[PDB]
Every structure is written in structure tokens, then in C-alpha cells.
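Single chain ahead, written as C-alpha cells, the form deposited in one PDB entry.
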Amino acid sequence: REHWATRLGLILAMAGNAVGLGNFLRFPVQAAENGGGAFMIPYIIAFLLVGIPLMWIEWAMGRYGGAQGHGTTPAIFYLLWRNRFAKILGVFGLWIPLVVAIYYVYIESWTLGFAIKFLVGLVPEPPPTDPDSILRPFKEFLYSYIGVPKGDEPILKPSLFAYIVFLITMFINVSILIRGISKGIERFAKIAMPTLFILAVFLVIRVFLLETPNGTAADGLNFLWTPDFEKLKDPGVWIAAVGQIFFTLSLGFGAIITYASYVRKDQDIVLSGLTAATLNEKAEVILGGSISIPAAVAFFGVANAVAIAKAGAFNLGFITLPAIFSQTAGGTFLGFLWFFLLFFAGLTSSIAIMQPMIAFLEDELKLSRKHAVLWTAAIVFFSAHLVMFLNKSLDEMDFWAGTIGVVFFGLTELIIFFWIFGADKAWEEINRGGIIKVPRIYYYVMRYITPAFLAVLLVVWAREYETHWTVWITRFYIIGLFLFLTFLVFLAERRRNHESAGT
């Protein structure tokens, strides 16, 4: 079985797994929608009581499974719990990352296309003071790129360029994945991570240089880092915070587990996991939180910035920010840097969310790396057309897989690993070979606090939380996908059998 060549490579690979579009696109919006500072407290708490422990747990399960030649949850869950229902539940470990990849890769392709067009200077030309006269051109830019519906039909009409760019994006993901773990994901990580850091820092500085009659970036920072204790009793804020934690730390996606399955049986996972998580958090609250929000607040003020954040999920990153940059000298190239950053983050995450499927095809169905990668890319590519041509399909997929699925699957994996498999055994497995030991209290946090916290979370959210019929188009399909995957697992367990009878 493949293994991470170096420690640094491992750390940067995991960090590249976590640090993605969620840091620079999702976080700003989530924090802005929930009152900025009022969103941080729960966030921080969610990081301590959920993020860290689940990270460690997934690292542990990953390494454990990898020691026996398994990297995906269908087999790992069965190793931890000898029950068919464990395999069935394990299917989600492939389903979630697949579905998420299906749209994630597309958004990534967006970032790539924008990078290209901004580099060549093929961008909108806003009339040199009316805010709408400046934003409108960019909004039209995006809408024309992805093909936002102009009528009543829920149909998207992506430009030829966007499609070709998606093709190329897929080709790059494949070019990285086909070289494997050490020569592919690791090697690339060692470049993309530094590059990403540099770009992010530069952008942060440039943004900090912004000042208008409406305010400065410091106002944005203040908006983001000022506590509001009157929202601590609001369930919604907590739900948002935890969701953001899950998404940003790649928890419940089966990606961390698969990546960890390539860590040598003896190699530490405590300090490594903690370091990756910490890196992601620094890239999120410090870098991702000091770009979009501070700029939007500097140019429009707090209220208007919040309004923009609530507008949508892509408004701030693909429309507002580039529009703001266009008002400065070298703003186009600045936009280029922005979208390039976004592209690298995206890529480094996407490869991570396709590696699970690849690893299932390799480990369980005994496919070669080439064939596994190619078939995975085929499934993703084909499935992506639904996201490309059906309006709000992306939203549905993101809700069922990227929101519900990750939390439910987190609770599931926690229950299987720390309850069924054994709390003491799980603790032992986690701390084994650790450069540092997990604080004693975290035993009680993992066994009692985290599971109850989640459970309560899911129950409250489901109880307190009207769509277009076309949603059923997506659901259906993804459901199918699940079934598909299930069947594969079946085939797998059959092959195993036939293999056992022959040995």
C-alpha cells in the first residue's frame, strides 16, 4: 500500500484537504450572515468540542483501516463493527464525497475560468460612482458565465468557455490523482500550499490598504471579532457554526479517513492532525476572514456588507470582490490573484474528495490506479452535467450531502468508533505512536459531550427546519448514486468471498 513519503508532505496534504473554497468563500458568508462576532463564539466552541475530536477520530480510523489494506468506510466500519449494517452505513463514506465532488469541482472550474479571463483582461468595463453601475457588469459576467436562467424555466445555459474550462479542470484533477499519493497529491501539495499561503497574505495586505468614505478594513475586522452574547441562545447560529466547522475541516466526508489510511501504522496522528486542523483554522479566520469581509465593509459599510453576504453564496466572491478590486490600480490582476488562490485551494480539496472513491475502487475492487482514477473522473464528469444544466441542483446536493450527510456521518462514525468498537480501545488506537498525548478530558469529551452535542443539534435542526419540484430530479439521481455504490460494495464482498474460497 502507498504511504506518505515525508511528514511535511503529509501535513501539507491534509492541510490542502481542509484549506479550500470553504475558507475563502463559505466562511465569510456564514460569519457575515450570523452577526460576525456573534458567530465566532459558537464557532470557536464548535472547534473545541467537535472539530478537533472528530479530526483525531477520523485520523485514527483512517490509519487503523489502512493497516489492514482498507481506506474507505464500507470496510473500516465493518472492521470496527462486524455487522452488515456497518457496511451499509459505510456506503455514505463514498456517497458523500462523490456527491460533494460533483459540484465542488464545477465551482473550482469557475474559479479557474475567472482566473484565465482576468489574466487576459477579458473582464467587464464598469463606467468610471453609482454602486449598481459598477456591480451590474460583474453580476452579468458571472450570470453569463454559468448561464443563470433569464426566464421561468429552471435551466442553466453555461457558456462554451465554462464547459471547456470544466473539462480542463477535470483533466488537472486527473493529472494529479493518476500519479498517486506520494508522487501526486503530496508533491503537488508541497507547492500549492506555499503558493496559496503567499497569495492569501498578499491579498490580505492589499485589502488592509483599502479605505473609502464608507469605512476601512479595520471596521470589517472589528465587525468580525466583536462578541455578541445575546445570540448564544439562538439555535440557528450554533447550527451554522457547527456546519461550517464540519465543512471546513473536511469532517464527515470520508476524505480525512482515506488520506489517513496511507499513514504508516506506527506514525503519529495526534500532533499531525492537530497541526493540519490548526493550519486550516488559521487559513480560515485569519486569511479567509480578512479579505472579503474587510473589503466589502470598507467599500459599502457593515449593513450593506451583511446584505451582500445574505444575497447569495457566490455573490461576495465572484461579483462583489472583483468589482471592488476594479476600482483600484492593477485591480484586474488582483482579481486574477484572487481567483488563482481560489483555484489552488479548490483543487487541493477536490483531489482529496475524489481519492475516497479512487481508494475504494483500488482496495475493494482491485482496480489499477489508472482505471480507478479514470472511472471516478468519468462518474464525476457525467454526474456534473446535472449541476451544470439544472438550476439549484447544486444547492440540493450541497444540502443533502455537504450539510446533513456530513453531520449525520460524523455522529455515526463517532458512535461506531467510541461506543460500539470500545471507548478505551478507541482512545488507545488514537494515542498509539503519538508524539503528544490527547488531553485526558478529551476522552470524556469524545465519549459523552460530542455525541450528545451533535444529536441535540441534528434533532433541533430537523424539528425546526417549500421547494420547487425540480429538486426531486436531483434527489432521485443522488439516491440512485447511493444504490449504485451499495451495489459495488455488494460486488466487493462477493469478490472477497470468491477470493477467500480460492485461498
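Superpose the two forms; the largest set of C-alphas matching within 1.5 Å is the rigid core. Residue indices: 1-based, along the sequence shown.
Below, we turn to the form deposited in another entry, even though it does not appear here.
Undergrad: Pick from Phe171, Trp225, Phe382, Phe85: whose Cα moves by 2 Å or more between the shown form and the other one, rigid core superposed?
TA: So the residue whose C-alpha moves 2 Å or more is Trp225.
Undergrad: Does superposing the core leave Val270 with a CA shift of 2 Å or more between the shown form and the other one?
TA: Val270: C-alpha displaced by less than 2 Å between the shown form and the other one.
Undergrad: For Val302, state whether the C-alpha moves by 2 Å or more between the shown form and the other one after rigid core superposition.
TA: Yes, its C-alpha moves 2 Å or more.
Undergrad: Quick check on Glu140: with the core superposed, does its CA move 2 angstroms or more between the shown form and the other one?
TA: Shift at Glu140: below 2 Å after core fit.
Undergrad: A 3 angstroms or greater change in CA distance between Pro227 and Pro439 is reported in the other form. Closer or farther than in this form?
TA: Relative to this form, farther apart in the other form.
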